[PDB]
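Below is one structure, written out as structure tokens, with a few remarks after it.
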Amino acid sequence: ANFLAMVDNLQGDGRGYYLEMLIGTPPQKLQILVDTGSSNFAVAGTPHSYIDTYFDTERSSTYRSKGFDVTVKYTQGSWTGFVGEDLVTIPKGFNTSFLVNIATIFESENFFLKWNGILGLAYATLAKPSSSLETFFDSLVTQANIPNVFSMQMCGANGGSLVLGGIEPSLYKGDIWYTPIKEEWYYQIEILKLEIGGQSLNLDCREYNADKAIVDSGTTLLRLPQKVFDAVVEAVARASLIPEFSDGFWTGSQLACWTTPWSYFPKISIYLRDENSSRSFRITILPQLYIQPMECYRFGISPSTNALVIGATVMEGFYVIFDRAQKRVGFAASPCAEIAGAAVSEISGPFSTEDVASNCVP
Amino acid sequence: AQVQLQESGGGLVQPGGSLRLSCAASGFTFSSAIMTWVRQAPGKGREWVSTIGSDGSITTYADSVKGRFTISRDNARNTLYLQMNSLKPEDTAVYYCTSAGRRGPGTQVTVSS
Ligand SMILES: C[C@H]1SC(N)=N[C@](C)(c2cc(NC(=O)c3cc4c(cn3)OCCO4)ccc2F)[C@H]1F
């Protein structure tokens, strides 16, 4: 593989970062959402509204049906598709085809709302209908002779880069800080503390790892559990100093508009445990990442029931290394994460963990 | 799913010799699983050998083994095979099966004059 050829291989902002993938014989080009929060390679199989193209299995001579379907259901929506096998080519990075599993969607509800498929890059554990259905990245690692590592940069806050097989040095400056993967399903990592404008929230660190704290390129916003979300909102409102935001701004039902004072809004830092448990490092997002333009703006953080989801709101500030080989997630500040001549993210450390508990995951 | 794999059929052969590797599978629906052979020698990089689709019709090979090695499977017997012909000293490695991120312990192939 060539890692330089994978630079700028993603398009979009916004509406998701998608990779160009060629499927079947002869190849059919599809636009595929890069999703580190799921583990199925699934594409559109029928026309549908809101999509331009789709994978026609009947036009691929190499396509083979497994003779079973898969139904995936989420909170908001769902889909059902035929499970098959076919040859796939990633032109930006590789020059050979790979045999992989593929789900071809024949029906869905609230799923397709520029991409026409999803590339699940999480672990075998989450694959449906079971973990025996070999994931795309497991097929690629084996068949392409690449290390069990990929890294992602989002430049939409300018597309992005998915480097399959390693780390590209030109995509970051400064040090990479690694946090352990606590559980291999989603990219679950341990959050120790949340800090708003220098002030730590007064919560038990178990509140941040509710069911799980995960790094998910397929989630748009920084999703926080309700209690944590309420604490962040209160801390942002207190630290802002200017006349107060609407409740509709916090809940996402109303936009806040200006003809904007970035200096008046606080920084949001997330502390992650280092591979050495005595130390931690923080990933910091400036106001420009969580007060998102739509000049009118929407709030880039939302509540959740289960899971603290480190979505695109945060990932747009950092080059994120999914080091599956060494069971860790790396973070470095993105040079492309710059708005109006100001770096919109920071990374720093080390910091002591002697106050907090040794295991914040329940 | 506990994907269990056990390879057999390796050995010490001369240059131009032959082996038939096999791999027994259990704990999953072998007839629906993509199967892959990989090789690994000490001090060298991991090398993909060949992949076979679940029904056996689709097969792919590395350029280093093309025309010499043949991959196949018997889904009724839950067994993957690698027929190895025209063996060279550079084919010396542990050969192992992989499926869905799991692998077998492998079987040693040694080619020496
Ligand atoms: C519940 C979700 S979370 C999940 N991880 N995956 C599933 C597979 C899923 C995800 C999406 N996401 C997006 O389209 C989208 C868009 C973005 C964006 C990120 N992601 O960041 C930058 C701006 O726009 C859509 C549908 C979908 F089904 C589900 F599991």
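The numbers here are math on the coordinates, done by the rules we state, and not lab data. Neighbour counts are summed over all protein chains in view; Cβ atoms, including those assigned to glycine, are modelled from backbone coordinates with ideal geometry.
If you build the Cα gyration tensor of the stretch A:242-310 and take the root of 5 times each eigenvalue, what three semi-axes come out, in whole angstrom, biggest first? Output for the stretch A:242-310: semi-axes of 28, 16, 9 Å. For the stretch A:175-288, the C-alpha radius of gyration sits at 1.15 times the compact-globule guess of 2.2 N^0.38 Å, with N the residue count. Here the convex hull built on the C-alpha positions of the stretch A:263-362 has a volume of 145 cubic angstrom per residue. Shape analysis of chain B based on the Cα gyration tensor places the equivalent ellipsoid semi-axes at 23, 14, 12 Å, largest first. At q = 0.09, 0.18, 0.21 Å⁻¹ the log10 of I(q)/I(0) for the stretch A:17-146 amounts to -0.22, -0.96, -1.38, computed by Debye summation with a single uniform scatterer per C-alpha, solvent ignored.
Calculate I(q)/I(0) for the stretch A:118-168 by the Debye formula, one identical point scatterer on each C-alpha and no solvent, and give its log10 at q = 0.25, 0.27 Å⁻¹ to two decimals. After summing over all Cα pairs, the log10 values are -0.98, -1.05. With one equal scatterer per alpha carbon and no solvent term, the Debye-computed log10 I(q)/I(0) for the protein assembly as shown at 0.07 1/Å reads -0.40.
Each of A:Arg324, B:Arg68, A:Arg206 was scored by other Cβ atoms within 10 Å of its Cβ. Arranged with the fewest first, they read A:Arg206, B:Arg68, A:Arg324. Neighbours of A:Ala325 by Cβ distance under 13 Å: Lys/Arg scored +1, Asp/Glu scored -1, total +1. Directionally averaged projected area (the stretch A:147-362, Cα convex hull): 11.6 nm². Counted by Cβ distance under 13 Å from B:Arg103, the other residues give a net charge of 0, where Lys and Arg count +1 and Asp and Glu count -1.
Taking the square roots of five times each eigenvalue of the Cα gyration tensor of the stretch A:70-224, the equivalent ellipsoid has semi-axes of 29, 22, 16 Å, listed largest first. Take every Cα pair under 8 Å whose residues are at least 6 apart in sequence, average their separation, divide by the length of chain B, and the relative contact order is 37 percent.
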